[PDB]
Amino acid sequence: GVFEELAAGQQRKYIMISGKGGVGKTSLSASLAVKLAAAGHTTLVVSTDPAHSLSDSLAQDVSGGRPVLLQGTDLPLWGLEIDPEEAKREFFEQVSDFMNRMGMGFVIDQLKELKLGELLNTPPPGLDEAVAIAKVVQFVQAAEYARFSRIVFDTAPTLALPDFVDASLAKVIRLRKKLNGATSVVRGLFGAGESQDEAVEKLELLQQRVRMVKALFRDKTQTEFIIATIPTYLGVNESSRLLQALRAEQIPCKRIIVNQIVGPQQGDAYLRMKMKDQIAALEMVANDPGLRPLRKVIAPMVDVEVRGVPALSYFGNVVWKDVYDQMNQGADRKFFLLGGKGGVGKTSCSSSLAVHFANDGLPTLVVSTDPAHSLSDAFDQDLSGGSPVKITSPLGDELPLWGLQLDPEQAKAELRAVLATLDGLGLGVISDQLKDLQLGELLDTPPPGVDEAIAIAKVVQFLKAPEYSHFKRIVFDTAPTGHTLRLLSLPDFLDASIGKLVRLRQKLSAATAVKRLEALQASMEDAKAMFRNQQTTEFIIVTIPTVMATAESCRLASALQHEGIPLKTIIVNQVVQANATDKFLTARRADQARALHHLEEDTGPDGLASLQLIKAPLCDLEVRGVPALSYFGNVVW
Ligand SMILES: Nc1ncnc2c1ncn2[C@@H]1O[C@H](COP(=O)(O)OP(=O)(O)NP(=O)(O)O)[C@@H](O)[C@H]1O
Ligand SMILES: Nc1ncnc2c1ncn2[C@@H]1O[C@H](COP(=O)(O)OP(=O)(O)NP(=O)(O)O)[C@@H](O)[C@H]1O
Ligand SMILES: [Mg+2]
Ligand SMILES: [Mg+2]
């Protein structure tokens, strides 16, 4: 059948379970590894998890950086948990001053204090990932432990990265080559020796490894892919897009699995399942440390999805009205930032907050940093581009609302492009400007959630004649990600900026611009100036009754609380209600064969769509046990 081809041959096969965000990909890949080891393959299963996902989903601790065999079985199976932040840390890491006499002392001391050696020695971002897939081929080629018949990779959710690291490696590698024969003083600005031979020998190797992965993924004999997703519409929608990319960079992908599908027979169980959760979580939201001080709003699910202008107005009646809109008194201007992990509905909320704001007499702006065409699907107007769009699909009335979509990516490369004398001087010994601008950003990309923190700070500045005059309250719907940043990087990313605007200020003088970096300084500091502002601004976490995203939200709120940010509000958004439980099962099961259909027909048979379908039933297990897993395993494969 299906699993027959995955027990197929002696030829080593690397199965990739990949997908996004809590489909069960881990228990999916785990279960597979098990049923595969059962079959007789000496098999290794792999995750890149800081949190040790594979560890407690096996119930045996594999968290050792190198492959761990499992005690308690006669089965041939190995777990592997790889450390990204130590992947780079381990693999990557005469006096004639007659120059000072000519007066060079000033210019050499300014360039040395531009600390180029740092920019040269800073490892390119994302490295360890690309190297990780390679670390795997290493333990298994090495054959130190056993002769590995199959490998099962549970990937980090959702190919450009092996490239960008190769590129940022090549840039750095080419510039240590221009550095072996070089002047005494030139080698001195980088801290570099007279011989780069051993370094460049080693950096070259690393890059060959980074290359080996992009080579292996496309490799037609060993590699195979399997997409994992849940029955929701967007999951099928998204998965299609990832098969587009899969047929694109041309890595073989033969199977999509659907997990957490509800069996018509035993469905009545699932209802009680979800229920124990809602209670557990809600209970937690009640008593949780630090959750206590912030506003709580429990909203129920709704009759059906909110695609429209009136619907949002009424949603607003539910969330912000039946509970307190007394958040509206304050200064004349108000900022509200809603954020939440993906799946919790925070557009329908954020939108509705803006809509309830509109008719209330007050001009308001909703900002969508979500690329998804979210807010475009929200008011159903397709608000596109970067400029404000006036808000109408009413019967005729006062519409004091605008909203705009700022792609956080287009917002980054807009900033990168804007940053694209001393040019000649650096080129003075040899030509470096290309390589050092591009690597000037190799220090710039390292921030994690900042694609959007661009867009936000952009509009923060937008108070002005054309706008600040026009607007009273505004609201930020962040993208379904990490825009919520809970440690102190705010004064410190600002110090990255001022550190390098001051180094650059140092060496602009010694060539006989950077005011832009001063514009960014004021924008960031003005973005910061409102975020930490007590009166005008407040933050909101939108979340759901599943106890996982609950205790997560608690943490992220507990940390955001002591981070100082005025987060005044939580929202537990889709609460199923008991009296409606009958309808809700038939509802979420209705979604199923809808989206299941929307998959069964996607872009013909050929490009993308339907490949080979794997259905995995929802309930009900802890699913953390080894035999549990063999069970899950025999059920699906
Ligand atoms: N089909 C399923 N049947 C029963 N329990 C499931 C199923 N899928 C997931 N779970 C449970 O969901 C929890 C976490 O899901 P998991 O299988 O680890 O998803 P994942 O692959 O790790 N995705 P991610 O959240 O991005 O790491 C575990 O406690 C599992 O027991
Ligand atoms: N209280 C509710 N009752 C019923 N349906 C809801 C409720 N809240 C949200 N929804 C539905 O869930 C969806 C929420 O999607 P959205 O507002 O984009 O946030 P999201 O779930 O994180 N999606 P995305 O941003 O693309 O990752 C909407 O399409 C609504 O139809
Ligand atoms: Mg995982
Ligand atoms: Mg959203």
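One can find the structure itself at the top, above this paragraph.
Residues numbered from 1 in each chain as written, not as in the entry; some residues may be left out. Chains lettered and ligands numbered in written order. Heavy atoms only, no water.

**Here's the deal with the site of ligand 2**
Okay, step 1: Around ligand 2, the surrounding shell holds 17 residues, and the nearest of these are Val302, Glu305, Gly343, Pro480 and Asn573.
Okay, step 2: In the model, an oxygen atom of ligand 2 is placed 3.4 Å from a nitrogen or oxygen of the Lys346 main chain.
Okay, step 3: One of the side-chain N or O atoms of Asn573 is found 2.7 Å from a nitrogen atom in ligand 2.
Okay, step 4: A total of 640 Å² of accessible area belongs to ligand 2 in isolation, and the protein chains cover 79% of it.
Okay, step 5: Looking at the shell around ligand 2, the elements with two or more residues in it are helix 14 (346–358) and strand 15 (567–575).
Okay, step 6: The greatest single-element share of the shell around ligand 2, amounting to three residues, is contributed by helix 14.
Okay, step 7: In terms of residue class, the shell around ligand 2 is made up of seven nonpolar, seven polar and three charged. (Near = heavy atom within 4 Å. Polar contact = N/O pair within 3.5 Å; in protein donor to acceptor, adjacent residues only side chain to side chain. Areas by Shrake-Rupley, 256 points an atom, 1.4 Å probe, with all protein chains shown as cover. Helix = DSSP H or I, 4+ residues; strand = E, 2+ residues; numbered from the N terminus. Nonpolar A, V, L, I, M, F, W, Y, C, P; charged D, E, K, R; others polar.)

**Some words on the packing of helix 20 (residues 490–508) against helix 21 (residues 515–531)**
Okay, step 1: Helix 21 packs onto helix 20 with a crossing angle of 165° between their chain directions and a minimal axis gap of 10 Å. Overall, the two elements helix 20 and helix 21 adopt an arrangement that is roughly antiparallel. Here helix 20 and helix 21 pass one another in a crossing that is left-handed. Taking contact as the criterion, the partners of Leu490, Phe493, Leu494, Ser497, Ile498, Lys500, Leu501 and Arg505 in helix 20 are, on helix 21, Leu517, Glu518, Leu520, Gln521, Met524, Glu525 and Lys528.
Okay, step 2: For the contact of helix 20 with helix 21, the class distribution of residues is eight nonpolar, two polar and five charged. (Axes fitted to C-alpha atoms, helices over the stretch in contact; angles between N-to-C directions. Parallel < 35°, antiparallel > 145°, perpendicular 65-115°, else oblique. Left-handed = near helix turned anticlockwise from the far one by under 90°. Contact = heavy atoms within 4.5 Å.)

**Observations regarding the site of ligand 1**
Okay, step 1: The immediate surroundings of ligand 1 are formed by 14 residues, with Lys25, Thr26, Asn259, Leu618 and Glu622 found nearest.
Okay, step 2: The separation between a nitrogen atom of ligand 1 and a polar main-chain atom of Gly22 is 3.2 Å.
Okay, step 3: Contact distances for ligand 1 include 2.5 Å between an oxygen atom and a backbone N or O atom of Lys25.
Okay, step 4: Counting residues per element, the ones that place at least two in the shell around ligand 1 are helix 1 (25–38) and strand 7 (253–261).

**What about the packing of aromatic side chains?**
Okay, step 1: With the rule as written, the count across this model stands at nine aromatic pairs.
Okay, step 2: Between the aromatic rings of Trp78 and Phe148, the centroid separation amounts to 6.1 Å while the plane-to-plane angle is 90°, which identifies the pairing as edge-to-face. With respect to class, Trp78 is no different from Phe148; both count as buried.
Okay, step 3: Ring geometry for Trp402 versus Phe471: centroids 4.8 Å apart, planes at 25°, classification stacked.
Okay, step 4: Members of the aromatic cluster, connected to one another through ring pairs, are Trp78, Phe139, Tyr145 and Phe148. (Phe/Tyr/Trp six-rings, centres within 6.5 Å; stacked < 30°, edge-to-face > 60°. Buried < 20%, exposed > 50% of the residue type's maximum accessible area, 1.4 Å probe, protein only.)

**Considerations on the sheet that holds strand 6 (residues 223–229)**
Okay, step 1: Read across the open sheet, the eight strands follow the order 3-4-2-5-1-6-7-16; overall the sheet is mixed. At either end of the open sheet lies a strand with only one pairing partner, and these are strand 3 (68–69) and strand 16 (613–617).
Okay, step 2: As defined by bridge partners, strand 1 (residues 13–19) adjoins strand 6 across six bridges and the pair is classed as parallel. By the bridge assignment for strand 6, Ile17 is matched with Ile226. (Pairing = 2+ DSSP bridges.)

**Quick look at the environment of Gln244**
Okay, step 1: Following the sequence through the fold, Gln244 ends up in helix 11 (residues 233–248).
Okay, step 2: Note: C-alpha distance between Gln244 and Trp320 (76 residues apart in sequence) is 40 Å.

**Digging into the nonpolar core**
Okay, step 1: Residues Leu291, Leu337, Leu365, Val367, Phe476, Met530 and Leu567 are the most contacted members of the largest nonpolar core, which totals 38 residues.
Okay, step 2: No other element matches the six residues that helix 19 (residues 450–461) contributes to this core.
Okay, step 3: Apart from the residues lying within four places of it in its own chain, the contact partners of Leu567 are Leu294, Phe539, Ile540, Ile541, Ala557 and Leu560.
Okay, step 4: By size, the runner-up hydrophobic cluster in this structure holds 32 residues, among which are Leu44, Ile133, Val137 and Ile251. (Core = buried A, V, L, I, M, F, W, Y, C linked by side-chain atoms within 4.5 Å.)

**With respect to helix 10 (residues 197–217)**
Because each turn of an α-helix spans 3.6 residues, side chains separated by three or four positions end up pointing in the same direction.
Okay, step 1: Taking 1.5 Å per residue as the helical rise, helix 10 with its 21 residues ought to reach 30 Å, and the 31 Å between its terminal C-alpha atoms agrees with that figure.
Okay, step 2: By the burial criterion, the buried members of helix 10 are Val200, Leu203, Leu206, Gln207, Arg209, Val210, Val213, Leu216 and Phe217.
Okay, step 3: Elements in contact with the buried residues of helix 10: strand 1, helix 3 (85–91), helix 7 (127–142), helix 8 (160–177) and strand 6. (Expected span 1.5 Å × (residues − 1).)

**What about helix 23 (residues 581–600)?**
Okay, step 1: In a regular helix each residue adds 1.5 Å, so 20 residues correspond to 28 Å; helix 23 covers 28 Å between its end C-alpha atoms and thus fits that length.
Okay, step 2: Those residues of helix 23 not exposed but buried are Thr581, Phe584, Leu585, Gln592, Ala595 and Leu599. Axial view of helix 23: buried residues confined to an arc of 105°, hence all on one face. In helix 23, the exposed positions angled more than 90 degrees off the buried face are occupied by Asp582, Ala593 and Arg594.
Okay, step 3: Residues of helix 23 that are buried make contact with helix 11, strand 7 and helix 12 (267–287). (Arc of directions from axis to C-beta.)

**Side note on the sheet that holds strand 8 (residues 295–300)**
Okay, step 1: Taken together, the eight strands give an open sheet; going across it, the order is 8-15-14-9-13-10-12-11, and neighbouring strands pair in mixed fashion. Only two strands of the sheet have a single partner each, and these edge strands are strand 8 and strand 11 (389–390).
Okay, step 2: By the bridge criterion, two bridges tie strand 11 to strand 12 (residues 401–405) in an arrangement that is antiparallel. Bridge pairing in strand 12 links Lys390 to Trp402.

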